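Only one chain is included here, represented as structure tokens and corresponding to the form deposited in one PDB entry.
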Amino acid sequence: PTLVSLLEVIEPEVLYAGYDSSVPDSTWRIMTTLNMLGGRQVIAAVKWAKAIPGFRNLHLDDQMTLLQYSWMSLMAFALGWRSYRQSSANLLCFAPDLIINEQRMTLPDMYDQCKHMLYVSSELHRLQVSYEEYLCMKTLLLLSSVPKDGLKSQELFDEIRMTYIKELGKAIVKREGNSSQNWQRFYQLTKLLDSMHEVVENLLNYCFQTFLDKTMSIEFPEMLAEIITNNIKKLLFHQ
């Protein structure tokens, strides 16, 4: 079996959000629903990553560090892919039952958040990215940041990232070109991967949880310790 065929088989199914359209939309209802769906997608990202060949032989500390640094990137990228594929990049397709149409986008705070995710979709559309390219690109997002002080098994990590870079290469060559166009396309796709760092930067500035949510989650002694208690190398193909 080829390596991309194995990526295809472990690719997560698309989850429903459990949003009901029988109530008028509100920003609260959508964000609340997205909170639940986002937790579920993280669980599915971990399960996917744990079956990535190479990656899965890193110590768990390395695997968990990589996931910590990349889960938002992976979810925004797959969101981008879904939106491109289901709606030709017209609409943000969080889930088959939760699509942000032109009207939901005028809801308070929707445009500002969504415009960053719609950028991913529109780039996949502009570049006409193939499914095999997408699978390899998405694995590379898992391997796109490391601790400043290095992983436990940095040498293995290097080997694994290089094998998925070469896999991306093989997906571009299959899709097509007469030499100049393979390298142009490699340039373009690796620029998109780089730009995912900036997408995630914007997306991290949004509200994770409220005070009510925080209060219900934690016992007071533990929150106290947190209060008393008051680095990352972004791997770039291009400077």
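The first residue of the sequence shown is number 1, and the count goes up from there. Only residues modelled in both forms are compared. Note that the rigid core is defined as the largest set of C-alphas that superpose within 1.5 Å between two forms.
There is another form of the same protein, the form deposited in another entry; it is not shown, and what comes next is about it.
- Superposed on the rigid core, the two forms differ between the shown form and the other one by 2 Å or more at the C-alpha of one listed residue only; from 43, 51, 207, 36 that residue is 207.
- Here residue 17 does not count as shifted, since its C-alpha moves by less than 2 Å between the shown form and the other one after the core is aligned.
- Put simply, residue 199 and residue 207 come closer in the other entry: their C-alpha atoms are 3 Å or more nearer than in the form shown.
- By 3 Å or more, the C-alpha separation between residue 215 and residue 64 grows in the other entry relative to the form shown here.
- Comparing the conformations between the shown form and the other one, with the rigid core held fixed, yields the displaced runs 88 to 90, 207 to 230, each spanning 3+ consecutive residues whose C-alpha shift is 2 Å or more.
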